[PDB]
file protein-v6.txt (compact mmCIF, C-alpha atoms and all ligand atoms)
# COMPACT_ATOMS: atom_id res chain seq x y z
CA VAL A 534 39.21 -17.86 -57.07
CA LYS A 535 36.16 -15.91 -58.21
CA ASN A 536 33.10 -16.79 -60.32
CA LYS A 537 33.45 -20.46 -59.35
CA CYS A 538 31.68 -22.49 -56.68
CA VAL A 539 34.28 -23.34 -54.04
CA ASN A 540 34.31 -24.38 -50.40
CA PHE A 541 35.69 -21.48 -48.36
CA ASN A 542 37.11 -21.30 -44.83
CA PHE A 543 37.37 -17.52 -44.47
CA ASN A 544 38.60 -16.98 -40.89
CA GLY A 545 36.86 -20.14 -39.71
CA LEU A 546 33.52 -19.27 -41.34
CA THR A 547 33.27 -22.49 -43.33
CA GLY A 548 30.74 -22.80 -46.13
CA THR A 549 30.32 -22.94 -49.88
CA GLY A 550 29.40 -20.45 -52.58
CA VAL A 551 30.72 -18.16 -55.31
CA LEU A 552 33.00 -15.22 -54.52
CA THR A 553 33.17 -11.98 -56.50
CA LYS A 554 34.09 -8.32 -56.26
CA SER A 555 31.62 -6.04 -54.49
CA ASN A 556 30.86 -2.32 -54.63
CA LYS A 557 29.69 -2.27 -51.00
CA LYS A 558 30.91 0.34 -48.52
CA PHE A 559 32.25 -1.76 -45.63
CA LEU A 560 33.27 0.42 -42.70
CA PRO A 561 36.74 -0.15 -41.18
CA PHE A 562 35.30 -2.02 -38.19
CA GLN A 563 33.14 -4.22 -40.42
CA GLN A 564 34.13 -7.85 -40.94
CA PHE A 565 30.90 -9.67 -41.84
CA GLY A 566 27.78 -9.15 -43.91
CA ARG A 567 24.18 -10.19 -43.46
CA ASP A 568 20.56 -9.57 -44.45
CA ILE A 569 17.17 -9.40 -42.71
CA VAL A 570 17.26 -13.22 -42.74
CA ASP A 571 20.43 -13.15 -40.57
CA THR A 572 22.66 -15.19 -42.88
CA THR A 573 26.22 -14.39 -43.93
CA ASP A 574 26.13 -12.61 -47.30
CA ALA A 575 29.54 -10.94 -47.66
CA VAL A 576 32.92 -11.33 -45.94
CA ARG A 577 36.06 -9.20 -45.81
CA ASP A 578 39.26 -10.98 -46.82
CA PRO A 579 41.80 -10.88 -43.96
CA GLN A 580 44.81 -10.86 -46.30
CA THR A 581 43.66 -8.36 -48.96
CA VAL B 47 17.20 -3.24 -43.09
CA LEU B 48 15.54 -2.46 -39.76
CA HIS B 49 17.62 -4.71 -37.50
CA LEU B 50 16.35 -4.85 -33.92
CA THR B 51 18.89 -5.24 -31.11
CA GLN B 52 18.92 -5.66 -27.33
CA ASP B 53 21.89 -4.15 -25.50
CA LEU B 54 22.94 -1.58 -22.91
CA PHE B 55 21.78 1.68 -24.52
CA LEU B 56 21.32 5.19 -23.19
CA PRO B 57 17.53 5.73 -23.00
CA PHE B 58 15.93 8.30 -25.27
CA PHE B 59 14.84 11.54 -23.57
CA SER B 60 16.73 10.22 -20.55
CA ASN B 61 18.00 12.40 -17.74
CA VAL B 62 21.65 13.50 -17.95
CA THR B 63 23.55 15.76 -15.57
CA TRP B 64 25.63 18.71 -16.80
CA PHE B 65 28.86 19.60 -14.99
CA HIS B 66 31.10 22.67 -15.11
CA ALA B 67 34.78 23.24 -14.42
CA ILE B 68 36.71 26.03 -12.70
CA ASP B 80 36.44 19.31 -7.70
CA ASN B 81 36.24 16.31 -10.06
CA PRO B 82 33.79 14.22 -7.99
CA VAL B 83 33.82 10.47 -8.45
CA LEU B 84 30.64 9.25 -10.11
CA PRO B 85 29.26 5.69 -9.91
CA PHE B 86 29.82 3.26 -12.78
CA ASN B 87 26.94 0.86 -13.39
CA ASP B 88 26.12 -1.08 -16.58
CA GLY B 89 28.17 1.49 -18.50
CA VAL B 90 28.14 5.28 -18.52
CA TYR B 91 27.80 7.81 -21.34
CA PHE B 92 30.32 10.64 -21.70
CA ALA B 93 30.02 13.76 -23.84
CA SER B 94 32.20 16.85 -24.05
CA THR B 95 32.43 19.93 -26.26
CA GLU B 96 35.58 22.00 -25.87
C1 LIG A 601 50.17 -10.01 -45.57
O1 LIG A 601 51.57 -10.26 -45.45
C2 LIG A 601 52.31 -10.04 -46.67
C3 LIG A 601 53.74 -10.44 -46.39
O2 LIG A 601 54.13 -10.09 -45.07
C4 LIG A 601 52.17 -8.58 -47.09
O3 LIG A 601 52.83 -8.39 -48.34
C5 LIG A 601 50.70 -8.21 -47.23
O4 LIG A 601 50.57 -6.82 -47.51
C6 LIG A 601 49.94 -8.55 -45.95
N1 LIG A 601 48.52 -8.26 -46.10
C7 LIG A 601 47.90 -7.29 -45.42
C8 LIG A 601 46.44 -7.13 -45.70
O5 LIG A 601 48.49 -6.57 -44.62
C1 LIG A 602 15.93 14.76 -14.79
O1 LIG A 602 15.92 15.55 -13.58
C2 LIG A 602 14.85 16.49 -13.46
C3 LIG A 602 15.10 17.26 -12.18
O2 LIG A 602 15.82 16.49 -11.24
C4 LIG A 602 13.53 15.74 -13.45
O3 LIG A 602 12.46 16.67 -13.35
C5 LIG A 602 13.40 14.93 -14.74
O4 LIG A 602 12.19 14.19 -14.72
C6 LIG A 602 14.59 13.99 -14.92
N1 LIG A 602 14.48 13.31 -16.20
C7 LIG A 602 13.70 12.26 -16.42
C8 LIG A 602 13.72 11.70 -17.81
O5 LIG A 602 12.99 11.78 -15.54
call {"tool": "encode", "arguments": {"input": "protein-v6.txt", "output": "structure tokens"}}
result
Amino acid sequence: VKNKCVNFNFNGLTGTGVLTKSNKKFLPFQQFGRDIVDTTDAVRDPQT
Amino acid sequence: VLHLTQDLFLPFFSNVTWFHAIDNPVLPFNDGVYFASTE
């Protein structure tokens, strides 16, 4: 479910937020995302 | 971002030995080794 605040458990990375499509350029080895504040910003869906 | 990491890296301007081939000596392995080859 996108554009709706929902608790997520993506591969054991529990949390809460809003999911959406991204234009980012994740490399094949990439799984996680972050920022200079070292907090998870984007995740790659294991099943899609 | 300018993420700073600490890990086993090959030093910059470090000293590397160049080998030829024409017998396959065994070289020590310690904290990782770096391998390069153009063929
Ligand atoms: C997950 O499994 C289903 C059924 O086996 C399959 O249709 C789907 O493509 C799989 N997803 C990935 C990312 O491989
Ligand atoms: C690599 O070896 C040469 C000759 O043995 C030496 O002069 C040089 O200082 C070495 N490299 C470094 C980075 O010390």
call {"tool": "interface_residues", "arguments": {"input": "protein-v6.txt", "of": "chain A", "to": "chain B", "cutoff": "12 Å", "atoms": "all atoms listed in the file", "output": "PDB file with C-alpha atoms, in the frame of the given file"}}
result
ATOM      1  CA  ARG A 567      24.180 -10.190 -43.460  1.00  0.00           C
ATOM      2  CA  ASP A 568      20.560  -9.570 -44.450  1.00  0.00           C
ATOM      3  CA  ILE A 569      17.170  -9.400 -42.710  1.00  0.00           C
ATOM      4  CA  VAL A 570      17.260 -13.220 -42.740  1.00  0.00           C
ATOM      5  CA  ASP A 571      20.430 -13.150 -40.570  1.00  0.00           C
TER       6      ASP A 571
END
call {"tool": "atom_distance", "arguments": {"input": "protein-v6.txt", "atom1": "atom CA of residue 577 of chain A", "atom2": "atom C5 of ligand LIG 601 (chain A)"}}
result
14.7 Å
call {"tool": "atom_distance", "arguments": {"input": "protein-v6.txt", "atom1": "atom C5 of ligand LIG 602 (chain A)", "atom2": "atom CA of residue 60 of chain B"}}
result
8.2 Å
call {"tool": "atom_distance", "arguments": {"input": "protein-v6.txt", "atom1": "atom CA of residue 559 of chain A", "atom2": "atom CA of residue 578 of chain A"}}
result
11.6 Å
call {"tool": "residues_near_ligand", "arguments": {"input": "protein-v6.txt", "ligand": "ligand LIG 601 (chain A)", "cutoff": "9 Å", "atoms": "all atoms listed in the file", "output": "ChimeraX atom specification"}}
result
/A:578-581
call {"tool": "residues_near_ligand", "arguments": {"input": "protein-v6.txt", "ligand": "ligand LIG 602 (chain A)", "cutoff": "7 Å", "atoms": "only C-alpha atoms and all ligand atoms", "output": "PyMOL selection string"}}
result
chain B and resi 59-62
call {"tool": "write_last_selection", "arguments": {"input": "protein-v6.txt", "atoms": "C-alpha atoms", "output": "PDB file, in the coordinates of the input"}}
result
ATOM      1  CA  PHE B  59      14.840  11.540 -23.570  1.00  0.00           C
ATOM      2  CA  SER B  60      16.730  10.220 -20.550  1.00  0.00           C
ATOM      3  CA  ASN B  61      18.000  12.400 -17.740  1.00  0.00           C
ATOM      4  CA  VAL B  62      21.650  13.500 -17.950  1.00  0.00           C
TER       5      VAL B  62
END
call {"tool": "residues_around", "arguments": {"input": "protein-v6.txt", "residues": "residue 554 of chain A", "least_positions_apart": "5", "cutoff": "12 Å", "atoms": "only C-alpha atoms", "output": "list in words"}}
result
residues 534, 535, 536, 575, 576, 577 and 578 of chain A
call {"tool": "residues_near_point", "arguments": {"input": "protein-v6.txt", "point": "(28.5, 11.3, -16.5)", "cutoff": "9 Å", "atoms": "all atoms listed in the file", "output": "ChimeraX atom specification"}}
result
/B:62-65,84-86,90-93
